[PDB]
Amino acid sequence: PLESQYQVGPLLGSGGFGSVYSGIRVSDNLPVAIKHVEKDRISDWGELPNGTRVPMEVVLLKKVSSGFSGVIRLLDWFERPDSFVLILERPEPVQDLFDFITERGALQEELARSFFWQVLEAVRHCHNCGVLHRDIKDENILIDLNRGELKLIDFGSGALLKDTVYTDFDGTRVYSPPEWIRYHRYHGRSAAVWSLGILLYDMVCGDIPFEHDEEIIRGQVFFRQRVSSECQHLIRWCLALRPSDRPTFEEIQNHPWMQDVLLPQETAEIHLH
């Protein structure tokens, strides 16, 4: 009984893959997010420990659910005749990176460092759990304004992590790597690092670097905003044309610009309060 436990609220947003509403767990007033996904649009299905057919999204979210709240947590889920309904945790107040950057424009490096670092910890968490996000971007990152913690959301274009090549992709095009645009082939980690490269640029310049396929395959990076030399370096490194030339997650976090990151709470007190 879904409608009995939760109290549906306002429409937080929707797209090709879902409609999301703001609900509250009638049980304890817990704030949650209710995501509706139509069975038709669902492309990938999995099963997880049970042998129960469910959309890959549910599989992935279950594999990454844990104490670590660097990634959104699935509280429960229900299946319906023509759709699946997911109950996600919902922080409040909260704002997504896209809206936040859309209001403050380019972010101070110090803040971008904290945020970027947090995203990296989350993505590492996922890979570690055998999950590849495939759609890392400002829109899929939530900001818990009080604790200054970011959360990865929307594993709708995700997939189990593997070492062999990927031939499918349904994530955001402007965040996809050169190798996808050209050969429609890519490898998880390297493809991820490339989008992390687009994300960082996005944070420090206030907008993405590439808009057209040509710009992506060319990979020439121009900075529209004053950006430190160190940050520019890490950015160009993540956006290297050749996949194998991109940094490992370990190399990114050991990069000079990534040092002395602020604690989440400090970040909130200085940049969010």
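Residue positions are given as counts along the sequence shown, with the first one as 1. Definition used throughout: the rigid core is the maximal C-alpha set that superposes within 1.5 Å between two forms.
- Superposition on the core shows that, in 4 other deposited structures of this protein, the C-alpha atoms drift more in one of 250 to 258 and 13 to 21; this is 13 to 21.
- Once the rigid core is used to overlay the structures in 4 other deposited structures of this protein, the stretch among 201 to 209 and 47 to 55 whose CA atoms lie farther from this form is 47 to 55.
- If you average the C-alpha B-factors over 119 to 127 and over 101 to 109, the higher value belongs to 101 to 109.
- The stretch with the higher mean CA B factor, choosing between 211 to 219 and 23 to 31, is 23 to 31.
- In the PDB entry, the Cα temperature factor peaks, among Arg226, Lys39, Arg246, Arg236, at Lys39.
- Annotation for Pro81, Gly197, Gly156, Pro177: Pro81 ranks highest, by Cα B-factor.
- In the PDB entry, a CA B factor belonging to the highest third of its chain's modelled residues is recorded for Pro91.
- Among the modelled residues of its chain, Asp144 has a C-alpha B-factor that falls in the middle third according to the deposited record.
- When the CA B factors of the chain's modelled residues are split into thirds, the value for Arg182 lands in the highest one.
- Ranked by C-alpha B-factor against the other modelled residues of its chain, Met258 falls in the middle third.
- Residue-level temperature factors show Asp76 in the highest third of its chain, judged at the C-alpha atom.
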